[PDB]
């Protein structure tokens, strides 16, 4: 149905520090012919599930330093790849990717796997999309670990979640330029620039899902959605603000990548205030937009905080 392609499996043969076995979900309600990849580590019968949602232009490989930590604590870890990323199938037409297309996939994934006692772990698009999930089925969500992200509401409702789109010139403006303009986009080069701490091998892992341009429709469409937010995205995100403010009563942990020119303190503090009960954020000085690359520390501290509140 949705015209899509699949990344040859050989592309993933030499990943660095990615020993997690593949699991797949074929023909999800509303996603016929599409195969979604996800990780399922730790005790399958654990009473706690850490739902790790990735962003642009990464995949579950991003959480590779956090997964082991949550699993060692006795919890189950679910890290899916959005359609267009990682090992999931990738629609060829940008016009197929929308806010609700990625959101409904997440909701369908949760129902199918009947996830409960969820500790929502988000960053970037993982959060733009993830933070809107709980209000649809609140009984399923227990905790939240928020890293550099926010809600795609309109400029009037929350100016802090729109201002970063235009300024600074070297922030989202630069980011989106690097993504949507190159005819021959090299994500390993992109990530080495936006995550200066990565090694050559680690950057290669981010290029792995895309042999060429035809596999990058999902990558190109993401920043265009941050710039142009449809009505559903605005309504859904606006309704999500009211949820975190008036309905949320779970444990929360926040971590900020201080060097992030896109979703740092400017967006994160307004966010912290919107989330009822959100404590004092952990500020990681050396971290940029991809906080998960400094994720072992985030993961460990989040567990300590969660335990001290048990």
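Numbering follows the first chain given and starts at 1.
(request) Taking the mean of the C-alpha B-factors per stretch from the entry, tell me the winner out of 123-131 and 221-229. (result) Result: 221-229.
(request) Could you check which stretch, 55-63 or 34-42, carries the larger mean CA temperature factor in the entry? (result) Mean CA B-factor is higher for 34-42.
(request) Return the residue from 274, 262, 69, 268 that has the highest Cα B-factor in the entry. (result) By C-alpha B-factor in the record, 274 ranks first.
(request) Going by the CA temperature factor in the entry, name the top one among 151, 236, 110, 187. (result) Largest recorded C-alpha B-factor: 110.
(request) State the tercile, meaning the lowest, middle or highest third, of residue 213 with respect to the CA B-factors recorded for its chain. (result) Middle third of the chain for residue 213's C-alpha B-factor.
(message) Quick check for you: using the entry's CA B-factors within this chain, is residue 23 in the lowest, middle or highest third?
(response) Tercile = lowest for this residue's CA B-factor.
(request) Name the third of the chain's ranked CA B-factors that contains residue 90, choosing lowest, middle or highest. (result) Tercile = middle for this residue's CA B-factor.
(message) Ranking the modelled residues of this chain by C-alpha B-factor as given in the entry, is residue 155 in the lowest, middle or highest third?
(response) It belongs to the highest third of the chain when residues are ordered by C-alpha B-factor.
(message) Using the temperature factors of the C-alpha atoms in this entry, rank residue 307 within its chain: lowest, middle or highest third.
(response) Highest third of the chain for residue 307's C-alpha B-factor.
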